Structure formats: C-alpha cells, structure tokens
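Asker: missing the sequence, but the structure's below:
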Ligand SMILES: [Cl-]
Ligand SMILES: [Mg+2]
C-alpha cells in the first residue's frame, strides 16, 4: 500500500485517500449551515466559547466576498480564509473585465476549480474545509456547498461540521413543510434553531451564535450581518424551541 | 507516525502533525501573559537565560507606535513575523495615512502562517505571539498560533505553565477589564497573573519584561531597573 | 532546477556526503608535498596496473594554475579538472583587477571556498578531491605549501601527503623532516620527497612524478632518468 | 590615442605607437605605452575611444594568457587575430560596442615567419606587410608603397619606420609626442629605448 | 506547485539494466504486430487494426501515419504515445529542416530526430520513456528507399525487412525465408499480407488491416499542377478495396 | 529520506539540532567580557605536528571594533565572516558611524535559518562575536545556527564547553580586569585541552575601545602563559 | 512531495564510489567490443556490431564508428542514443573552435570538453549519467596521432592501444602481448582483427558483424585521410589477413 | 513499490495509476449512452439525485463546450468540470486562431493528447474521467468521439459508458446487426432521443421518470440539453406505443 | 510630450547657533503665475531632533521627506531605538538622493 501517503495518488479503488483524510478534518470542525429562501440566502455558524476570556462578537467567522456573496466554512479555519482570499481575487478580476458583479454559479466554479487544483499534485495539500456560500445575482438566489475534493452542487439547504446530520434532518423538514418557499426573516429564525439543535453534538462547551443573510427585499441584494434586535429575536425563537 | 514527514500530509484522522509539532515548540517556550482594559493593553513576559553568565532572551517586540507583540517559541520566526507586521503597519501609514487596525494585523498573520502549512518544502512557523494594540476601536489583545488561528481576547497566556495565568485571568476577568485610566494597576494585575505560572523561580529585576500601549501611551517596553517598581 | 539537499547533517552531527568524499580521496593515488629552504617539491604516485599508456598526452598529475603556482591532487580525476579550471580563471581575473598575480594563500583560499560551497548547495555533491597547492608569492622567496579538502578547510604545511597510504608516508615525514633545518638545497628536498614515496609506491620506475618549483616562476618537471638516479642512490645507501 | 603603425619585414614585425594621451586642451601624459603582450611571441597595439582601448586590450590579454596556461601552449598569431576579430565582430552589434582599432604583430614559431594583422572596431581583419590605423595611414601607406621591400632586415625596417615618424611629425596637425617602438621576432618581444 | 520532478526516473540498476527502457520494451511486446518490408522499387509497412469495440469506427483511428510526403510511420505498443510522437515528428521535420533547407529531410535524419526525442524521455527529469517501437519507411533522392526501426531507448537500426510486437519472433523468421534483394514492390506487398495473416486471429480483410507503401511519385495526389519538379507524394495508404483485391490472389 | 526543514515531535528542527552536535566536536573557544575589554581565546588543535600552526585562523576581525571566534565546521564560517564584514562596512557607508555589536550579530543570525528546499543545510559552526559600541559598551554574543543569539558575560563553545562553562560560572565577577580575564581564558583552556597548552596551540585576542580588535603575538601570549603558571604555584 | 521517488543519481557510496557511474560501466561491459590501435604512421579503429540479424541493412548502417570532423573519429561502446547526443555536441564544439581560431581543434581539447560534460552529470543536476564509453582516434599538428578513451565518470586517458566494451580484460592482455612501438598501420589492422577474433562471443568473426576505420597520412603529401571501411572492403581485409 | 504511485512503467510494462484512474470513472455509478441519427447526435445519461436537499437543476454531467459541441462525462464532478473548462477554452482559442469552429474529433484528439501527457509526466495525475464528445460536424456529419485517462480516443457509430456499459454496448451491437446500417434511420431528433431511451430501458432493465434522465442533443449549428418537461414529453411518446 | 517635473517655488533658510539651530521656510506654494496655497508647510520635524526641508518640486520634496521620516523609523527598529545623529542622517539622505541619480529628486534639501 502507501497510497494514502501522497496527494493526487489514485488507490486501486480509484480514490484519493488524502482528500478523504481532509474530509475528516472538516467533520472535526464546528457546525455551519446555509438556508436558501424566497429571494435570497441565510448563513449561520456555531462558535465554540473555549473560555470566558474570548471577547463576544469579536471573532467573526462568516466572510463576505465582493458585496453580494457570503461565505462560511467548517474545519481548518486558516484554509477557509485562504479560499476566501482567492474568491475575492477571482470576483475582483471578473468585475474588472466584465463590469457586472460575478454571478453565484460563476463564482462557485472559480472556487471549485481552485480547490480541485489542490488534488492534482503531491506538492500541495488538499483544503481542510467544506465551504457553504451563496448570494443574490441577476437570476435570483443561489446556495452552494463546496468540499475538499472540489465537488460542489446547488442546494435548497446545506450543512457541514460535527453536527451535520442533525442539521440535515432539520433542513429536510423545512423543505417538505414549505414547498412554496421560506421567507428571509423566517429563514434567519430557523437558522438559529438549527444551530441550537445541532449544538447537541458539541455540548461540552457552550457557544455563540452568528448569522448573516442576503435578500433582494430585506438587504437590497447585499450581504449583511444579523445584529442587535433581529439577532436577539432569532436567539429567543431558538431558545423557545429547545425547551 | 507515517504522516508527519511534512506539512503537506494529512493523517487518517485529519491531523497535520508538523503543525502540531510546531505548536509543541510554543509549550517549551517561556511563559508570557497578555491582558487589557478599555483604555490600555498590557504584555508581561518571563524572560529566559542560558545560564548565569548569559543575558535574558528578549521576548517583546515593537511593531508600530500603537502596536506590538510578545513571543513564545522559536525567536527567529518571531523576528520574521514581527518584521512582516512592521511592514504591513508601515504600508498602511505611507499609502493610506492610516494606523493599521489590530484586527487586520491578526488577519494578515493568519494568512501568512497558513501558506506555510499547505505547500511542499516549507515548514510551519514555530512560535506563538500575543499582539496588543490601541486603534480607532479602543484597546485590543490577540493570540496568534502558527496553525494560522488568531483569536481576540480580553486576556490570555502562552508558553510553559501558561494554564496557571490563564485560569487566574479567567477568575479576575470582571476586575481587570474595568481598570480604566490606570496603567500601573493594569500592569500589577498582569504581574500577578504571570506569577501563577512560576515554579521554584521568582520575578527578579533582569528577569521580568513588561510592555504597555493605550489611549495616551505609545507602545513602550520596560526592562531592568524600570520594572523594579512591580516586584 | 534540481534542488535536493544532498549534503545534510546526520543525528551524530556528521555530513556523510562530505565524509564519503574523503573516502574517494583515500582511494586516489598518493601525492606528497615537501618544502625546503628555497623551494617546494611536489611528488605524485602513478599506479602501474596501466601499461600501454601514452605518457606524452595523458593528463599530468601536477597542474600549473599560474606561472608561479602549481596544484597537485588526490581523488577523483574528473572532479579535479573543474577545480583547476576555476582556479586558473581566478588567477587571470586577479591579475586583471589587482594588477598582481595571486598569493599561494589567496589561490588556496579560493579553491577551498569553491569546495565548501558544494557542501551546502542544493542539487550538488561535494568534490571528491583534496589538493596540495604550492608556489611562491610575487617578489617573495619564502616557500609556500597549502592543503585543501572536500569539507572546505585549508591550512599551511611544512610537509604533507594525501591519498592512499598517505598515513604511512606522513609517518615517515613526521620523523624525517626537521622544522629547525628544512632541506637546504633542491637535491636534498627532492631526495626526501622520493624517499617518502618509496615507502609506499612499489618500483621507482614510471610510478613516481616529481615537480620542482623555485622562486620567480621557475617550475620544471623531472624526467624518468633524473628521478631514477635518486631511486638508485637511495637504495644503495639503504643496504647498510 | 591616435597613431599606431606596423611593419612586417623578413624576420620580424615592428610596431610603432604614439606616446601622447590628450584630453581637451591638455596633454596629460607623454610616455604612454599603447600596447599589450598577449603571449611571448604576440604583441597587440591599440587606439580609439578613451577607456575602451585599455579595457579591451587587457580583456584580450587575460583570455590569451588563460588559454596558454590551460593548454601549456602558445596560440599562433593567426589564431589570436581570429579570436580578436570575433570579439570585435560580436561587439559591434552590442548595446555599447568597443570603439577600438588594433594591430596584432606576431612571430609564428611553427612557420618561422613574422605576421602583421590589422583589425578595426567593426571586426574587419586583414594580413598586411605594413599597416596603420586612423589618419596616419593617409601618409604612411603611400610612403611605404614606395620605400618598402619584402626582404628588408630589422635595421632596414627601423630606418623605414623613422621615415614614417619624420613625415608624420612634419605634416600631422597634432603633437603626438613621439613613438614607442617594439620588435617581435623568433626571440620574442623587445623594446627599442632610443628612438 | 510546479514540476518538482527535476530528477531522472530512469536510472541504472546494479546489474547495468535501465529498468524503465526494459519495461517499455515489455509494453511493446504486448502490442499488436506491425511489420515493414523493403523492395527494390519501394517499401511496404503494415499492421493489424485491433478494434476496441465493433461500435467503434476503426477508420477514424489511423495506426499508419504520413510524416512527410515521402516518409510514413507505423508502430507497436501504446497508441497514445505513438500519436504524440507523430505530431512531434511532423513538426520537427519542418522546424529543424524544411524551414532551413526548403526541402523535406531524408529518412535517416528524420528518424534521427525522432530518436533524439525518445532518448530525452529516457534521461530528462520527471518523465518515463515512450512505450512504443516505430517502423519508419521512406524515400529520398540520394539514399533511395529505406526502412528504420526506432526503440524506446532511442536506438535505431536500418532493416531490409522486420517485424515488431506480439508475434514478431515468428514473423521475422517468416520474412527471412521469403526476402531477397530482387523483390519488386508488388511481391513485397504479397509477402507482407502473408506474414500478417499468421499473427492476426479474427477477421482478415481490408477493414481490419492497415497498409501503406513508399513507392512511385503520385501526381494525382499532389493537388495541383504547373511545377514540373513537384511530382507528388511517394507515400500512399492502400484503400480497403485495394487490399481485398490482393487477398483473392493470395 | 525526509525534508530538510522538518520538525521533530518534540518541536525542534532536526537539522538545526544535528548541527549542534557537529559544534560539540569542534575545538574549544572561550570569551570573557569585562569593563576594560572583551577577551577571546581559542584552541588551535593541529591534527599533525608538520602542520604550521600559525596558519590556523580561528580568531578573526570583522571590523576595528568587532572581533569573532569560531568552533565546529570552521570552513562554514568563511561566508558568515564575509557577510559580517560587508554588513559592518556597508552600515558605515550608509550612516557614517560604527555599527552596533548587537545589530551585527542579528544580521549574521539572519543567514542561519535561510536554508531548506537559500542554502541546502544549516551552518555547522558556532560564533562568539565580541565587540564595543558607544551605547551598550563591551559586549559578547554567542551566535548559533538556530538563528538565535544570547549576550554573555562569559561563554565557552566546543568540545570542552560544558566543563569550561561551569568553571566560568564560578570565576566571573563584574570587576574583572583585562589582565585577570586573559589569564582566566588561558587557565580554563589549559584545563579542557587534550594536548599541553603553549603559545603555538592556543591563541589569545581582545577588543578594547582605545586600540580596537587585536590578535596577540605568540611572544605576548607566551609571557601570559608563564605568568599564569607562576601564579598558580604561588599558593 | 516528490522527494519520495528521487533515486539520487549523483551521490557517493560509503566506500567513496559513484553508484550510477559504476552501474553505467557495468552496462557498457555488455556492449560490443571496440578496439583502437595507434601506429607511427596512422591509427586503426575496429568495432564488433551487437548480435546482427541477417535482414539488417549493413551498408547504410552506423552503430559503432562516427565522424566528429575530418581529422577526428570515435568508436562507441554503450547506448547508441546517448552517444549520438554527445557526438552532435562534440561536432558543434569542433566547429566553434574552428570558427573562433581559424584552426582545426586539437584532439585533447575536444576530448576534455566532452569528458567535462559527462563529469557534470555525475556531480549535479540529479540526472542519470550517459551510458557511453568512447575511443577517440585523431590527428593534429602538435602531438600527431593520438588515441584517447572517456567513460561515464568523465575521466579520460591517452593510449597506444586500447579496448572498450565487452571482454576488455582479455582484449587488453592480447594487445599488451603483441603491440610494439615501431608498428605500422597495416600491422595494426591485423592486430585489431586478430584480437576481436579471439575475444568475440560469436562463433566466427565475419564482415557483416564488423565496423572498421583507419586514419592515415596516406593521402598525398602532409595531409590526413579518414577511411570508414565499406562492407566489401572489410570482407577483403578479413580475407587478406586470413581470418576467413 | 513506488511504480504504482506515479506514472512510470511496472516490470510488466503497465501504468497502474492510469488503470486506477479508469476505476475512478465508475465512482459516480452513472451510465451514459450516445447514438447518431441522420441529422443529429443524441447523448443520454442517468441522473441520480440521492440527497433531498440538493438543487436538482445544478446536478449535471452533460456540458455545452461550444455552440456546436456537447460533452458528457463519466467520473467524479471535480475532474469532470476541470476537463469541461479546459475543453471550452481550447475550443474558443481554436476558433480565434484558425477562423472556424473546432471539430468534435479534433477537440477529442487535443483533450486526448493532454491526457497522454499526464500518463508520461510524473507531477501531473491523470483525470479520473471518460469524456464523450458529440456534434453534427459540418464535414463529417453526426459524430461521437470518446476520450479516456490513457490518452486513447476513437470515433463511434454509437457508444455507452459506465458500470453497466457492456450490457448497453451489446444491446446496441445487436440492433446494428439487424438494421444493417451505421446510424438510426430517423428524420426528427425527437424520435432518435426516444430510440436512445428505449434501448437504455431494455439494456438496464429499469424504468425512468422525467427526473431520472439527462438528455443532450446535437443538431446542425447548435448543441442543447433537454429540460425535465422535454424529457417527460418524450417519455409519454414511448409509453403510448 | 509629458514633463514629469514642475516648479512649486518658495524658498528655505537654515542657520546654526552655538547650542541651537533654525530651519525656516515660507508657506507659499505656486505653479506658473498662480498661487496654490498661502499656507502649505514644507519644513518638517522628522524625529530625533532633526528638522528637514526639500524645496523645489513639491511632489519630489514630499516624497523625499516621507522616505527619510520612514528611514528614521526603521533605524530605530533595526538598531535598538538608537538616536539617529545629524551626521548619520545626512549620509543617509545622500544615498536616498543619489539612488535616483539618473532620474533626480528636483529639490534643494536642508536639514
Ligand atoms: Cl496537442
Ligand atoms: Mg581595417
């Protein structure tokens, strides 16, 4: 054997074990989700409060690309930042040449090709993050989830991290109970609930909730963080549902 | 075991052993403490010597008039990273006539450390840093780890036996955070914090190293007879 | 470009590639350098498993770097050509900028520096060569003899030997060479050099090369008959 | 720089070269040797742009000396001249060309014959019985056309050379402060001290 | 990133063998049989068209390739490696010869260039050798007709006739019995078809056999008239119909 | 094999740690700093009696106000000295002043970690850099291949280092004279050296503000050796 | 990374030998024998083709003997493809020297440069060495007739008579026995063939398994001629000495 | 045994990394099929959307390379998209350099040459994909050309790819034995799509809904994919016969 | 053709006493016959008790002052907060100016 010692090496199965090993690092990370809604998308993430010494609201994990795309990830946090830095370069060069802001499907492939490129050589390591991202463009709302292999698809709902199965189950119920669609303000509240429900798989340390959203009506198509009254309203809704 | 030959290799459980070994170099390093209020931010560092004939390894480095860090681990790596910060702080001044935000300083260090963990040939940085600063949003304290993970905190400590100081600060949180407009008292709290990490040795005059930055205080370091006040 | 770090430290603090390069030197034919009161003599072994050779055209063991400095060696022959070439180029480059030929110390220092560079450069192995560099500085009558080795260290010697069975001939020179009174004449210096090689060589026929360097660019190589006379004289005195 | 002459006779090559180094309205030196020994039996005189001349002469000298040490053998005058020509032929299409004209006088020991080569800064080589660079040629060529014979001795060649220097001193506008004369033959290179 | 493989992947073993070249020759052995026969007034090169599937159109896959108007090539071993070699061989004929001398290279020199390319894959950094043996047939004014074999090592040998690949050992023995120095081109084509039938197992017709010749100039295949010195390509690929005609009088 | 810039499980660079073993094999070098000057001394250690010991150059001048002693693979030090000398002279050109001893040492130590897959391996030599400047006065620095440097009041490096360092621990005080330091280096060298110490197999040097960096003659060192033997017999 | 797959071609053994050079020499020892013999009035080059097939085109073939310029030729032993890379370099180097100095290149200078190239592949670059040994036969006006050999190590030496390739041990003993200094070319031709005939692994030495060449001053007055022997000419010289 | 990790020869003359890339081809467990009509070329592929949270419209293994050329992939989606983007760039550059639309077979060769390079050069791995290119070429007419990790490529009368490729292949072979021709003798592309689905149903033995299939159609001057309703309309036509 | 230089006018003046020094300069900034600013300072405190002015082409002047100020900052970082002496500052400025010998800073500098 020894097929798992080097990146870009095919095993006799036809698998790249190094990428599958990177997935384990993603599974180890905190929970993050994405919910597609009527005219936009909502992102949320679990922030483990390791200590009292952590300053609240001041270790932001959700990142913005351009002015209309939001990105969140689980796994090796630095790797995620590297990917977003590239995403921002890609989105900047697209706008530079084509004038219009980069469409979400276009942006999704830019990250996809870049992550896939890190499975082609033994001189680089695969990315240790699954990235949930999306936004609003000329064709409406789009939600995506990107994995270490470079694989990505469009999603109605997406989840990754240590509490992915709990979150997926909760996401599947929303898709069934709301065939016509979920509103942006509703999706924020639901996102809070699902992070709280997914926290059961990481319940030693208590956590800090962080939500962001893009919506054609509510945020005017731009990415914004949910803060203050709207955040506390969503936290209370989540607190009521666990009890 | 078989997956620790270089940084480009994941383990079967999804671990980067070279990054974890770099993290181990910090644990061997001498203790250093960081803490802040709303007006000031303070670094306290226990310096280490080779023997009685030698000097005490300088732990604290100045980055700009409003920012600086303390180190624990490989000192040459701290010099490289501190030099990079000096340049980034300086770029912000010359080009934008703007003092570099302490948060951005952390983001830049994270991204520099990360690139070393994903490429063949290179190695992770073998040092941990505590960055303090005062900018347009008040006082700040950051903890840098060579995995790339940067964290903003009220207080913290890194190095050998840092758990003693970190527990103390976790208890004292409500007290020292409200030491506003009083430098000497915030330092005292930091000197008392680092004392919880001492074993057999005590704080002497050429052993202790203190730094401070704040609202009306540039980043300045105190060594020698200037720290005798706090013993 | 090929980058591999071939010369690296081992757990015990040794650079094996440099040490294995010394083994190549130990395999090479013996070379000896003895400096007298007014001269330096370079002696060299030539292995006699090669008959049907053409000695006119075969590369000589002692090489002129400039008109006043010579270089003999032990180890890999192909490697030595590269060092000799570089040294010869630096010799002319020194004359061009300083308007003065190289000192024997400077030339040695350059050659040693090249050897050292190949011990911590990526993609290259060390030179499997040790050199004896001898001559006279410009406008100076004090004899100079230096030694270099793969690691890059160099030093001055009253007399020295390198190559195979060098430890035997070094033993000989250590008791037979008086620091207080070096070989006063050319004859005495050549004889002591030939004597030292006769401890190791085999036959004193076409196995020994002798080159004599005197002050002010006065370098000459001895012929077979001239060397054979020393061999004949030494053996007759030995039977006593 | 300015005046460099060359005369090949029966058994030797004689090179005459002016001693004056002028800059502006000042003669800075009156004892300048505008020549370099490339090898024991090969001498090169030079004239042209300030700085370029000596820089080029010494660069050639270093290369020929390097060859001599490497092969333990002296290059033929023909071989040295061909090397020099090629260096100038490269130079002329460089960013900044060497503006140097040269004469190469040598004694071929294998042929037992003197040889004189004239090469300009463009890399234009010619073997000649007598040669000159610059304005000198406009006087000396016609003079030598008349008085030169191929079977002359070295002493006859020196008298022939005196005749050239006298003519130049009479008709040339500038004071070139006499010449340094050097003879190249079977015994090597030597300088005439009283000219 | 970047090609970090700047070192040789083919090296000498203690016994003196170059492992990768030997293994490349093993890959050639597994390959389908191809052959070449030199006549007095021409050369023939032939091979079996091993179809990967009956749904596949074997006409689209050309094992015998034109390199110059007077030179053709066939192979045994790995098809993809052959394809890229043909591309490089066609280009080198122009860059390193035709664009300089205004005429196509002679067979021996083009062969020499192809050999150089294959030799470099044996020594250069981060590459394996080519897994093919080529048979190059060609004509030029001053050397006449010629036939060459090029191995993975980069070595090349001229042949009167030879075979490479699957059943080369038996095919070479067959050719030794039949070959003489007075063979006409049509006689060589006849022998080529006989030799190839031994190695082929399934169907044996113009659709499963690929065969080309280096013979007389073909003015009809030139594409233009008006220049007397230009008389047309000597390389011609035999059609499926032209092969079947000769298989009746076999 | 394995990467050149690889970390061990304990959090140390393998190659840097192995180069430290090479330095332990090297000849002894001692440095002592006083208020009257800094003394540097080394063991020459000739491999054979035929080798002319005065050609062994293990103490070296960087500038008039900075000296240097070495131990380990001494061939590796040549490029370090060359860099130090250029750094010193270059700073004088840019700033019309002497360069600080610490700044010089820091510049040399920047080369140390410039290895990997830059040079192929770390340096196999340790340096004792002694000097004087107007700000921090007489200083002694120990520069390692790790890229780290410590200032010392006194320091020994090489094969007899741990034994000599323990001896320096007892003997050093802040009121040592230059003459006292000279004898102390000779005393400690004679203890740890294999062969018997004399003027030919050991070398002394010092740096003072007034006279700058000076390597001592064999005649001058011989008298200090004779002065040392008499003083030890005198009680 | 790629370190895993690096053979490290340019390193020393614990004994101080270059692995790849030693193994390349082992490769060359299986190649067809080539002999060079230097006489007072010329040089002979003789070489045995590697197990020939009856359908091999013999007349339009070149395997062992190659021409570098009008005055210098080489006999090859090892990988032909490798040798041709080095031969084209050597041919270019000869023309560079002629272009620079307007004189034909001295034999040793050409030999040294080709040997220096081989040396480079053993010290740096991480590539395998050239699996080739040359016998250089040439003439210049300094040393006259000269024989040299070079091998994968990049080391070269001069010879009166020498063999490379297979059975050099046996071949060198036979040459050392019958060679003498006042020898003529026609005698050297006979010695070369007699040596191959005894050292050959084949049953009997024939014209179709040989390449032959002479470098004489047998042209008209003070000039050198290279003669690469044709098949029929080898057949005749083999009969003339009474081998067939 | 490092000869199994990079693309160098094994003692038996094999490239194991190339062979293992072939096995990665079937990792998706999807079967594709391609056939030619008179005027058109139809390609069909199975569409399996297991997760309920997926947006089914974004799940696709058929690509529009150029206006005229279409491509279906058998293999993982990252490598599939890698190959698609490169093919799109190559087809665009070809048009710019040579002044006419890149032919299906020429693109296939170019992509095959790239695949060949990964089998010879060590630092690049092969892509674990099989690329099936389809078009109605202006010279050659309806065209199907297929590429694999070995760098092999060839034209096809019809073809199939996937885990159950062999069952589909023989099913098609038997039809062309019967029909005695190289193509589907049909006027409209609608009925050629119906043929393709019918013969896939027979070979695989499964029934298909509108969301279980994915259809690409190449006609003169355009290649296009069918929507769910376009396939549903097609499925209804098969059922009513 | 684009002319990269301009003349911003004004004048400066430096005088040295026994235990003090003055560096004066007018505050007018001009181009051609137009006044740009009546108060635009061009005499700057650069730290370490060094005052500097680079009068002539203001863009080059500001660029130079900016670079020297930055040179003082890095002198502290690299040499343990040592004070930059006026003689050392002068030599440093020579290298700044001469660095652009073939595309000069169009300024007369005084410190
Ligand atoms: Cl291509
Ligand atoms: Mg002319």
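Answerer: That came in fine, so what should we check first? Numbering: from 1, shown residues only, chains lettered A, B, ... in the order given. Ligands and ions are numbered 1, 2, ... in the order given.
Asker: Which residue lies nearest the spatial centre of chain A?
Answerer: Nearest to the mean C-alpha position of chain A, by Cα atoms, centre = their mean, lies residue A:132 at 2.3 Å.
Asker: Kindly report the same for chain C.
Answerer: Closest residue to the average C-alpha location of chain C: residue C:132 at 2.8 Å, with Cα atoms, centre = their mean.
Asker: is chain B contacted by the lengthiest helix in chain I?
Answerer: Ranked by number of residues, the top helix in chain I under DSSP state H is helix I:58-78. Yes: judged by Cβ under 8 Å from any Cβ of the partner chain, helix I:58-78 comes into contact with chain B at I:66, I:70, I:73, I:77. No exception for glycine: its C-beta is placed from N, CA and C like everyone else's.
Asker: Let me see the contact set for the last one.
Answerer: Taking Cβ atoms under 8 Å, 6 or more residues apart in numbering or on different chains as the contact definition, residue I:77 lies against B:62, B:86.
Asker: List the buried residues of the following helix or strand past the longest helix of chain I.
Answerer: Sequence-wise, the next helix or strand downstream of helix I:58-78 (DSSP states H and E) is helix I:86-98. By 16 or more other Cβ atoms under 10 Å in any protein chain shown, the buried positions in helix I:86-98 come out as I:88-89, I:92-93, I:97.
Asker: Now the element after the longest helix seen in chain D, going C-ward?
Answerer: In chain D, taking DSSP H as the definition, the longest helix is helix D:52-71. In the C-terminal direction, the helix or strand that comes right after helix D:52-71 (DSSP H and E) is helix D:77-91.
Asker: starting at the chain centroid, how far to that next one?
Answerer: 14 Å (Cα atoms, centre = their mean, to the nearest Å).
Asker: ok, longest strand in chain F?
Answerer: Determined from DSSP state E, the single longest strand within chain F is strand F:125-133.
Asker: Next secondary structure after that one?
Answerer: Later in the chain than strand F:125-133, the nearest helix or strand by DSSP H and E is strand F:137-143.
Asker: buried stuff in that next one?
Answerer: F:138-143.
Asker: same check, this time on stretch F:106-125
Answerer: So for stretch F:106-125, counting by 16+ other Cβ under 10 Å, buried means F:106-113, F:115-117, F:119-125.
Asker: quick one on the thing from earlier: the residue nearest to the centre of chain A and residue A:34 touch, don't they?
Answerer: Yes: Residue A:132 is in contact with residue A:34 according to Cβ atoms under 8 Å; the separation is 4.1 Å.
Asker: what residues are shared contacts of these two?
Answerer: Between them, residue A:132 and residue A:34 share the contacting residues A:43, A:72, A:143, A:145, A:158-159, judged by Cβ under 8 Å, 6+ apart.
Asker: picking up where we left off before, the residue nearest to the centre of chain C looks like it's in a helix, true?
Answerer: No: per DSSP: H, G, I helix; E, B strand; the rest coil, residue C:132 lies outside any helix segment and is strand.
Asker: List the residues that contact it.
Answerer: Residue C:132 neighbours (Cβ under 8 Å, 6+ apart): C:31-33, C:42, C:71-73, C:145-147, C:160, C:162.
Asker: what's the nearest residue to it if we skip its chain neighbours?
Answerer: residue C:33 (4.3 Å; Cβ to Cβ, 6 or more residues apart in numbering or on different chains).
Asker: Roughly how far does the one you found sit from residue C:111?
Answerer: Going from residue C:33 to residue C:111 by Cβ to Cβ, to the nearest Å gives 15 Å.
Asker: Those two: which has the busier surroundings?
Answerer: residue C:33 (28 against 25; other Cβ atoms under 10 Å in any protein chain shown).
Asker: In contact with that one, which residues?
Answerer: Counted by Cβ under 8 Å, 6+ apart, residue C:33 has contacts C:40-43, C:72, C:132, C:134, C:145, C:147, C:157, C:159-161.
Asker: so whichever residue of chain E sits closest to chain G, which of the three states?
Answerer: Closest to chain G within chain E is residue E:154: 3.0 Å, counting by Cβ to the nearest Cβ. State at residue E:154, reduced to three classes by three-state DSSP: coil.
Asker: wait, isn't residue C:138 in contact with residue C:98?
Answerer: No: assessed by Cβ under 8 Å, residue C:138 is found out of contact with residue C:98, at 10.2 Å.
Asker: Tell me which of these two has more neighbours.
Answerer: Looking at residue C:138 and residue C:98 with other Cβ under 10 Å, you find the greater number of neighbours at residue C:138, namely 15 against 10.
Asker: residues in contact with that one?
Answerer: Residue C:138 makes contacts with C:68, C:100-101, C:103, as judged by Cβ under 8 Å, 6+ apart.
Asker: residues touching the residue of chain E closest to chain G, list them.
Answerer: If you count contacts by Cβ under 8 Å, 6+ apart, residue E:154 has them with E:115-120, E:122, G:79-82, G:84.
Asker: shouldn't residue E:159 be in contact with residue E:45?
Answerer: No: with contact defined as Cβ under 8 Å, residue E:159 does not count as touching residue E:45 (11.0 Å).
Asker: Could you name every residue contacting both of those two?
Answerer: If you check residue E:159 and residue E:45 against Cβ under 8 Å, 6+ apart, the residues they both contact are E:36, E:147.
Asker: Let me see the contact set for residue E:193.
Answerer: So residue E:193 contacts E:46, E:209, E:211, E:243, E:246-247, E:250 (Cβ under 8 Å, 6+ apart).
Asker: Show me these that map onto strands.
Answerer: Counted as lying in strands by DSSP E, out of the contacts of residue E:193, are E:46, E:209, E:211.
Asker: Spatially, what comes nearest to the single nearest residue of chain C relative to ligand 2 if we skip its sequence neighbours?
Answerer: Closest residue of chain C to ligand 2, Cβ to the ion: residue C:96 (27.2 Å). Spatial nearest neighbour of residue C:96, excluding adjacent residues (Cβ to Cβ, 6+ apart): residue D:62 at 5.0 Å.
Asker: what about that neighbour, neighbour count?
Answerer: Counted with other Cβ under 10 Å, the neighbours of residue D:62 add up to 19.
Asker: what does residue F:214 give?
Answerer: Neighbours around residue F:214, by other Cβ under 10 Å: 16.
Asker: And what about the residue in chain D that chain A sits nearest to, helix, strand or coil?
Answerer: For chain D, the residue closest to chain A is residue D:95, as judged by Cβ to the nearest Cβ, at 37.2 Å. With three-state DSSP as the basis, residue D:95 sits in coil.
Asker: Would you mind measuring from the residue lying closest to residue B:31 once chain neighbours are set aside to residue H:241?
Answerer: Closest residue to residue B:31 apart from its sequence neighbours, by Cβ to Cβ, 6+ apart: residue B:159 at 3.9 Å. Counting by Cβ to Cβ, the separation of residue B:159 from residue H:241 is 81 Å.
Asker: Looking at these two, which one has more neighbours?
Answerer: residue B:159 (26 against 7).
Asker: Let me see the contact set for the more buried one.
Answerer: Here residue B:159 is in contact with B:26-27, B:29-32, B:46, B:72, B:128, B:197 (Cβ under 8 Å, 6+ apart).
Asker: Find the closest residue to chain H in chain G.
Answerer: Counting by Cβ to the nearest Cβ, chain G gets nearest to chain H through residue G:5 (5.6 Å).
Asker: Done for today, thanks.
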